[PDB]
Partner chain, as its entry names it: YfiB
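Only one chain is included here, represented as structure tokens and corresponding to the form solved without the partner chain.
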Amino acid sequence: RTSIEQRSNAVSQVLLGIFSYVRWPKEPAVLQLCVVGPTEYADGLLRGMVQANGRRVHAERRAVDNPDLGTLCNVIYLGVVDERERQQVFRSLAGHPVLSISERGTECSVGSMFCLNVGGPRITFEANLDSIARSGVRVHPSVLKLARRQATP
């Protein structure tokens, strides 16, 4: 099976994929990613990233209970938080144009737009239509080409 470092490297490439199907009403010069909560696979992200057009993705960790997350970032990578913490996070994001992605595949029921599944041979993901719809960003539907091909041996 795949090692942690292998998976971490893949997670950032999947994230770059997802980002390509997403549009922010006010596109920043630098995309800001916040990592929130304990994570296993964010060490790659946290080195910062570059998109194909050369836009930099700056990444940093932030407290679960920071009330300004909606304002402080364009993207959130959500780690393994509890019911009360998760509610805090998605309350803070409501109203703002933020893309949310969870490290684990259980947060798609509770507010995350995309949920990663890092086990198995490839990284796959699922998405939630309700959360996408209320998000404030636009997500091209082809984003699922990425998930489907990822789930194909």
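Numbering follows the first chain given and starts at 1.
Beyond what is shown, the protein has a form solved in complex with the partner chain; the following relates to that form.
Comment: the partner chain is not present in this chain, but in the deposited complex one of 98, 89, 33, 108 has a heavy atom within 4.5 Å of it, namely 108. Among residues of the shown chain, residue 141 is one whose heavy atoms approach the partner chain to within 4.5 Å in the deposited complex.
Taking non-hydrogen atoms only, residue 118 never approaches the partner chain to within 4.5 angstroms in the deposited complex. When contacts are judged by a 4.5 Å heavy atom cut-off, residue 132 counts as touching the partner chain in the deposited complex.
When contacts are judged by a 4.5 Å heavy atom cut-off, residue 52 counts as touching the partner chain in the deposited complex.
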